[PDB]
């Protein structure tokens, strides 16, 4: 029969980081396809925060003393340590971890050993690379992959045949972007001025607008799981040049020599050189084939329809393999009073 299970995704703030938005996308796909998924808003139950969740995202407020069903599932971030310690206070529920930031695993958990000994049913990740990284850290829990998607509003528009536009972000490696720009100013001896635009405090729709009009995206990616902004750029028809976000580049099989002009750590000269090459490919009308390769990568592997199919497959596979509750029956009510937030 039906599972009678709801998946709860904890929040404590306005959705802000990429990971937050991906979680809302899991919720939407789950509810669209016959599951039940909700935000549990742990704290900061105030207008700006409440109103920040679109109306199609069900929200339940945490209040000490509220009840859930013993069979319900919490889908925890790798961050927020207090959710793990809180849920240790009961043998009810199940726990899934959606680890979207493998290098920030330390914020939630002290070691691989603590993860391995916790009652985690499955770790969902954004990429095959993430699975390998968590395994390298010594985590032995079962893992799954659901790759985020790039919204359809990321797509090429008209790019100026007169003015070449380079976009970048200072979200990561801000100091290194200054080093790079010094090398670029120093090595570039072409006659049209460089037009550089910073996409740092923009909303995602506005990022898409800017990328759609830009020729080149200079990548300052760092310790990525997948590399959303480089995929966004590719989806927008930008030539991506710079850091891949993967020191151990061989451990990911998304980015390759044919879809970007990637450099290794500290290769500022080569980065600047490849930017100049990318400008000249435009000026001399000798386009990089990497643009089309990138477009095809995103359109094949990172759009919404496939994402929804993977959400359904992965979460259904979890439901199908839960063991019976121990020490509870189905739809026993369990009091949640494990947190008291300032």
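Numbering follows the first chain given and starts at 1.
Looking at 205-213 and 187-195 together, the entry lists the larger mean B-factor for 187-195, computed on C-alpha atoms.
Per the PDB record, of the two stretches 111-119 and 266-274, 111-119 carries the greater mean B-factor over its C-alpha atoms.
Considering 37, 314, 279, 68 together, the PDB entry gives 279 the largest C-alpha B factor.
Within the selection 32, 26, 303, 63, the deposited Cα B-factor values reach their highest point at 63.
The entry lists a Cα temperature factor for residue 260 that places it in the middle third of the chain's modelled residues. Residue 100 sits in the lowest third of its chain by CA B factor, as recorded in the PDB entry.
Looking at the C-alpha B-factors along this chain, the one for residue 17 belongs to the highest third.
When the modelled residues of the chain are ordered by their C-alpha B factor, residue 308 lands in the lowest third. Per the PDB record, residue ranking by Cα B-factor puts residue 79 in the middle third of the chain.
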